[PDB]
Amino acid sequence: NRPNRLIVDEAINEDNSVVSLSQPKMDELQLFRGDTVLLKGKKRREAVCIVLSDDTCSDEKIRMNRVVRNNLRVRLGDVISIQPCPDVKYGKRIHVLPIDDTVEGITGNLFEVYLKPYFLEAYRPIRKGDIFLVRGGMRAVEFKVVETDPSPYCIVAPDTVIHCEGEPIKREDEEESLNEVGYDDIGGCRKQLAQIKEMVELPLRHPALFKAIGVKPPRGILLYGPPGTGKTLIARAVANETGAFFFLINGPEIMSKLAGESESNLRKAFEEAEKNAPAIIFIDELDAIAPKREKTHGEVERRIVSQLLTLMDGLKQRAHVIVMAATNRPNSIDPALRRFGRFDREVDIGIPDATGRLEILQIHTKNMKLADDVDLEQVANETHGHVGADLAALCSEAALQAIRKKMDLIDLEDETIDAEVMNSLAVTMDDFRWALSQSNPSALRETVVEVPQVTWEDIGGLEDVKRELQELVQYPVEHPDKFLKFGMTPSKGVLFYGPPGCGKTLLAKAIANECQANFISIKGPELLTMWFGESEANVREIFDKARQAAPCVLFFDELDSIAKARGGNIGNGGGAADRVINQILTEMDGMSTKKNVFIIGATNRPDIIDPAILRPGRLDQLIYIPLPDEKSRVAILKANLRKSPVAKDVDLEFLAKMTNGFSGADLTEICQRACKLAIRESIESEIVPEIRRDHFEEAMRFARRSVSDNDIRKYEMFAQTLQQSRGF
Amino acid sequence: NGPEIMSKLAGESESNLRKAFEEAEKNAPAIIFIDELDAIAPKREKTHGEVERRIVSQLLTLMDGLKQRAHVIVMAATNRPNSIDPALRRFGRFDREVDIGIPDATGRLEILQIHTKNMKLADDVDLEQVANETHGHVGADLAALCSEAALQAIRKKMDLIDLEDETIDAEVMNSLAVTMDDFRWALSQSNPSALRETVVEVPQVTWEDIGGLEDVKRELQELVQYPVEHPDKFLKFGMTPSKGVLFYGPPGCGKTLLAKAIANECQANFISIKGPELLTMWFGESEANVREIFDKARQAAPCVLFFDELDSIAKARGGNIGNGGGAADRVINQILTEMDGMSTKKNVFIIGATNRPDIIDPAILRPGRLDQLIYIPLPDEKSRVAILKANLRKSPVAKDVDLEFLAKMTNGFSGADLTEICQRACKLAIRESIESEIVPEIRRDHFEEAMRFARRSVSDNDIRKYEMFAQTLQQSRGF
Ligand SMILES: Nc1ncnc2c1ncn2[C@@H]1O[C@H](COP(=O)(O)OP(=O)(O)OP(O)(O)=S)[C@@H](O)[C@H]1O
Ligand SMILES: Nc1ncnc2c1ncn2[C@@H]1O[C@H](COP(=O)(O)OP(=O)(O)OP(O)(O)=S)[C@@H](O)[C@H]1O
Ligand SMILES: Nc1ncnc2c1ncn2[C@@H]1O[C@H](COP(=O)(O)OP(=O)(O)OP(O)(O)=S)[C@@H](O)[C@H]1O
Ligand SMILES: [Mg+2]
Ligand SMILES: [Mg+2]
Ligand SMILES: [Mg+2]
């Protein structure tokens, strides 16, 4: 019915007004690639734009830029009306004006810096009263045409003239300031944003329908994660991207008040939220006001917690009020809040990965002007423990370093500097390198949940175990139909055992990568150092974090360190299977099979592994990784020498047949030593850039075997008899 | 409401409690419900403000001043019963305690029906399957799951059908139906709250899931079913039934399955406490949780309390000798105390299982604690056929598969080993199907290939040692 209603969501083209459609859509509306289109919105106002031909987006969804959502007064998920007008329209005179909210502190002719390299070679349309934003001069200005030839009858053409005024127009309250945070201002959290949208937009955008349908809304969203991960940013963006009244409660600000006055503040907050339409209450830093009532001193604090619980419980569905809260210490929150009816939805705003932090870097540098040598992808790769706040600080420091080299070379001593020199200020990759040099990552200690970068190509040989890992991991998650047809429940666990340096860690990471599943690595020393504080909840938290990351692989590396805590099965006579390992067994037994969490254990001490690991249902797929044979050694050398300029005379299979008892680590050490000899040769010759046959000969001269023949025999013995182990 | 009372100022919450009790006494037979009792009445030893202690004392005074003539019944709800001040749980204040435990599969199916009765479900919706697939869910979790499935159904109908009307009519609401895929999606995104909680239920495994072991099945029937089904014979002959059984033998021979199956046949509640669970609850030095296990078994009578993987417990300090000190410590002494402190007339039966009879501490084996020593050996040739048949019930096995051929080709294999063989053959069949897609019957060739890599999980020396302990384990104690 009425094939002209289009559903609106956030766009993917990071530019000015360019709408994107789906495969049935350009055929249904018979519109071409570079077509001028007219968009019709609510409140009797219009927008003219350019279509973008997209097919692999969805079945029916248009993609709308935040620049032109405000031109139509339409928000996310709203319905829009469209009308193709494939007529070329050229404007003669456009009377254009800035706004005195984003142009303060900037003087001169802002057109030669903003509107010149934004108009030409674009051919974009302009309508009456359109607020379009141009980024430049390490800042962003939204801009307003106020007078021109009849609307729209305007696209960007060279015959369109420009004129400087210097008189910005005041911003009325009818339109929303684009400088405010939106969904385009968050990077690295799209799954979490998707969950937040699914929980929030329907109750708020459609309150009457939701109330009439009589179903429970999620009213207890609790955002949590490490500090500086965008929790406040996400909450304020969700507030802005919906037409919901937003009341903010600050933990410290509430607790700074006198006794009996903070309770009044909470009551007034909830009363105002109930009064003012669908609304969002955001309690930032919830742990400030609501710590655990068992661990707290003053009775005023306990009254605060009880008052918050009462207000949460007295929140009815008829109120159409959604309460979000943010805390970076979710375990310090009083448990009564995290129950049903108060805070039942929990969203983990985790540390961004490499792609996510690259997106954050782009979001923070979009206003900045970067030199051509700036590789934001490289910066994202080189930043590991950084969070969104860390990346914003890094970008700010790089910008300030660039300024420091331009405030002295160019005397910027003028009181209010113009943009004619601000564009000349550019941030080089060296500035980013310097900023990265002086930067303290906050989330270094945090566990990493990401898809690892290592592929099968980084692993030499081991084809059989690659196939077995594929069958054990990929097939249950890719073809559940076969498993349910044949009735067999997939095994949830694999134990890697064998001599050291044979690729046990690489195999787990690579099988994580091929499935494109999240990977969590918990090393034995990490467990033994978290447990020394007698914190039984952190090992539980590891399995919890793996649960929300499904499909995920939970890899316990270096189990030998765990099994060597008290020596082993005998050890001092008492069992080294204690502390964490019993809790690990309990967590393995307490996780459902239908969950896509796969557990992999690795150890190079199969003698002292406790039998309870090997029980069916915990880790019963015993995979033995042996020393590489002659062909696997060639493969390992090829994999390790991918990044090095190896000379053509190097005979890799000669090295493979000259190394017999060497592991993958030993061959990597040989390659590293030969590369280091090449580096030394280059250094000496400076006072050639190809690692040669002679370097490998010299490295092989000092090459050493890290696995004994007795060790090989014992590993082969355990390779045959480790299923027995348990029992005696 | 606990928090609502505690949110008031000092001296005003006491007034609220007094007014509540006065109104209840005034208005006929009445019920006072104190929701979240732990909010207002924590342990007076562990509390800070004197206002809170006055609140607790006022509640105690009001409970004690409640006369029979008042016809007032006070109910209270708490999810932390052990945090309640002990003075409240005594006679005259709160003497009746009801444990609203986690629902089982049938109960959670009933909850799903109660929450979906208003909803319109498609014909593919199998609420029984959803109940089976939800384990740690409680009634609130199931209500949330149903609500999320309904909202997922709406999301696929608010866009396909423009429901943009302000007040939608029912002529299209009926057209909105919740499919089994919506329930599957909701179950995919759902966090069960009671995953860590102990499960008290009748297990699903029957005798048909166990191959062979007919003699131990009969012995378990005599030990468990007869005392609870025919007490008259036992009182006629004057013998008190033994309250305990210890399962010992090589690993993977069905010790867990036997306990669960004997629980199922009696239709009795089953509680499984594994050794690692005990060793991880005890690391917090919580001596009350192991007591709580026996308590929970007491209200679940007739119940079977199964302690699985006692080898892990006995390996905490190595064993009887171990490091020289005794590995019988921590939980095991409290387990012995709890076993000795439970009345015989209670229908709680205790079963222990271990595959390390060498390091089991003798105090377990004392008459009155676990004196029925049942040895589960490796399956023999016919029991292997039975085990293979039991494991292949759910798989489409081809007719050419010779099960007794596999049984006679496997000699030292346990039930776990045969299950591993079946799983490997099934996985080869899955691989064949995957390859052929780019037939739906596990064949003789698959079993041949699986048997090619089949492995024996019990050594001949282990078999000899288990046979030695099968004959001499009653001795054990003494030296
Ligand atoms: N994911 C992100 N995407 C973009 N910018 C981000 C992101 N995370 C943080 N930032 C930036 O870093 C700033 C840090 O503020 P927030 O992360 O919102 O504070 P927070 O997340 O509540 O952490 P707290 O308050 O210290 S516990 C934000 O204002 C953004 O400028
Ligand atoms: N099959 C292999 N192919 C390529 N490189 C390998 C291989 N095996 C080992 N290496 C190298 O040796 C390093 C150690 O590999 P790991 O996966 O950690 O092996 P491991 O079995 O965990 O033994 P350790 O204790 O980690 S040295 C890798 O980072 C590689 O540089
Ligand atoms: N008699 C049997 N009949 C059928 N399946 C069996 C039998 N014995 C063992 N199995 C299989 O092996 C698995 C383990 O059985 P359990 O009852 O756990 O034996 P167990 O003596 O407790 O030894 P573990 O330590 O649990 S492997 C079961 O889940 C079945 O798949
Ligand atoms: Mg914040
Ligand atoms: Mg490693
Ligand atoms: Mg078992």
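All of the numbers you see were taken from the coordinates with simple rules; none came from a lab. With ideal geometry, Cβ positions are generated from the backbone for all residues, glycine too; neighbour counts draw on all protein chains shown.
Contact annotation: residue pairs with Cβ atoms under 7 Å, 6 or more positions apart or on different chains, pairing a residue in the range B:131-151 that is within 9 Å of chain A (Cβ to nearest Cβ) with a partner that is among the acidic types (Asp, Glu), are B:144/A:344. The numbered conditions (1) buried (at least 20 other Cβ atoms within 10 Å of the Cβ); (2) in contact with a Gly (Cβ under 6 Å, 6 or more places away or on another chain); (3) away from chain B (no Cβ under 14 Å) are all true for residue A:363 except (1).
Cβ separations smaller than 8 Å between residues 6+ apart or across chains give the following pairs from the range B:154-171 residues that are at negative phi to residues that are acidic (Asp, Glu): B:155/A:198; B:156/B:182; B:159/A:60. Looking only at residues of the range B:419-446 that are within 33 Å of the chain's Cα centre (by Cα) and more than 9 Å from chain A (Cβ to nearest Cβ), we find that the one that is surrounded by the most Cβ atoms within 10 Å (Cβ to Cβ) is B:425. Any idea which residue in the range B:164-221 is farthest from the other protein chains (Cβ to nearest Cβ), counting only those that are closer than 30 Å to residue B:123 by Cβ and among the acidic types (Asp, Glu)? The residue in question is B:201. Every test in (1) crowded, with 18+ Cβ neighbours inside 10 Å; (2) out of contact with any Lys or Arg (no Cβ under 8 Å at 6 or more places or on another chain) is passed by residue B:333 save one, and that test is (1).
Listed here are the residues, each with its yes/no results for (1) outside any helix (DSSP H, G or I); (2) hydrophobic (A, V, I, L, M, F, W, C); (3) more than 11 Å from chain A (Cβ to nearest Cβ); (4) within 38 Å of the chain's Cα centre (by Cα).
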site	(1), (2), (3), (4)
B:39	no, yes, no, yes
B:45	yes, no, yes, yes
B:48	yes, no, no, yes
B:52	no, no, no, yes
B:55	no, yes, no, yes
B:60	no, yes, yes, yes
B:63	no, yes, yes, yes
B:66	yes, yes, yes, no
B:75	yes, yes, yes, yes
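Do we find that residue A:596 is within 24 Å of residue A:692 (Cα to Cα) and crowded, with 19+ Cβ neighbours inside 10 Å in this structure? Taking the combined requirement at face value, the residue does not satisfy it. The listed residues are A:353, A:390, and the only one of them that is of a type in the set (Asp, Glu), in contact with an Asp or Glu (Cβ under 8 Å, 6 or more places away or on another chain) and closer than 20 Å to residue A:226 by Cβ turns out to be A:353. The set of residues in the range B:94-107 being away from chain A (no Cβ under 14 Å) and surrounded by 19 or more Cβ atoms within 10 Å (Cβ to Cβ) consists of B:94, B:103. Restricting the range A:301-313 to residues that are within 18 Å of residue A:256 (Cβ to Cβ) and in contact with a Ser or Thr (Cβ under 8 Å, 6 or more places away or on another chain), which is nearest to the other protein chains (Cβ to nearest Cβ)? Filtering first and then ranking leaves A:307.
Could you go through the range A:328-336 and let me know if any residue there is within 16 Å of ligand 4 (Cβ to nearest atom) and basic (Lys, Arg). Yes, the range A:328-336 has at least one match. Considering each residue of the range A:430-474, count those that are farther than 30 Å from residue A:395 by Cα and not in a loop (DSSP other than H, G, I, E, B), and give that number. Matching residues across the range A:430-474 total 15. Within the range A:266-283, the set of residues being exposed (fewer than 13 other Cβ atoms within 10 Å of the Cβ) and either under 16 Å from residue A:313 (Cβ atoms) or of a type in the set (S, T, N, Q) (or both) comprises A:271 only.
Checking B:3, B:86, B:81 one by one, the residue that is within 14 Å of another protein chain (Cβ to nearest Cβ) and within 30 Å of residue B:139 (Cα to Cα) is B:3 and no other. Here residue A:256 does not qualify as in contact with a helix residue (DSSP H, G or I) (Cβ under 9 Å, 6 or more places away or on another chain), within 14 Å of chain B (Cβ to nearest Cβ), away from ligand 1 (no atom under 13 Å from the Cβ) and not charged (D, E, K, R). Flag set for residue A:331, criterion: away from every other protein chain (no Cβ under 11 Å), closer than 25 Å to residue A:254 by Cα and part of a helix (DSSP H, G or I). Scanning the range B:169-179 for residues that are out of contact with any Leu (no Cβ under 8 Å at 6 or more places or on another chain) and of a type outside the set (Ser, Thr, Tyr) yields B:169, B:170, B:171, B:173, B:174, B:176.
Condition first: within 17 Å of residue A:69 (Cβ to Cβ) and either buried (at least 17 other Cβ atoms within 10 Å of the Cβ) or not hydrophobic (A, V, I, L, M, F, W, C) (or both). Can you find one or more residues in the range A:145-160 that meet it? Among the residues of the range A:145-160, not one is within 17 Å of residue A:69 (Cβ to Cβ) and either buried (at least 17 other Cβ atoms within 10 Å of the Cβ) or not hydrophobic (A, V, I, L, M, F, W, C) (or both), which makes the answer no. Taken residue by residue, the range A:236-250 has no member that is closer than 28 Å to residue A:66 by Cα, aromatic (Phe, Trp, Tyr), within 12 Å of chain B (Cβ to nearest Cβ) and outside any loop (DSSP other than H, G, I, E, B). Out of curiosity, is residue A:210 in a strand (DSSP E or B), in contact with a helix residue (DSSP H, G or I) (Cβ under 7 Å, 6 or more places away or on another chain) and either more than 30 Å from residue B:119 (Cα to Cα) or more than 16 Å from ligand 5 (Cβ to nearest atom) (or both)? When the stated conditions are applied, residue A:210 does not pass them. In the range A:404-429, the residues that are outside any helix (DSSP H, G or I) reach residues that are of a type in the set (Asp, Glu) with C-beta atoms within less than 8 angstrom, at least six apart or across chains, in these pairs: A:428/A:373.
Is one or more of the residues making up the range A:284-303 within 13 Å of ligand 1 (Cβ to nearest atom) and of a type in the set (A, V, I, L, M)? The answer is yes, given that some residue of the range A:284-303 is within 13 Å of ligand 1 (Cβ to nearest atom) and of a type in the set (A, V, I, L, M). Of all residues in the range A:1-51, those satisfying the criterion of being more than 22 Å from residue A:152 (Cα to Cα), among the acidic types (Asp, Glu) and surrounded by fewer than 15 Cβ atoms within 10 Å (Cβ to Cβ) are A:14, A:27, A:28. Taking the range A:289-322 as the range and being buried (at least 19 other Cβ atoms within 10 Å of the Cβ) and in a loop (DSSP other than H, G, I, E, B) as the test, the residues that pass are A:290, A:293, A:315, A:320. The set of residues in the range A:170-207 being assigned to a loop (DSSP other than H, G, I, E, B), under 24 Å from residue A:348 (Cα atoms) and not aliphatic (A, V, I, L, M) consists of A:180, A:182, A:187, A:188, A:189, A:190. Of the helices (runs of 4 or more DSSP H) lying entirely inside the range A:570-662, those containing at least 1 residues that are within 10 Å of chain B (Cβ to nearest Cβ) and away from ligand 4 (no atom under 16 Å from the Cβ) span A:580-589.
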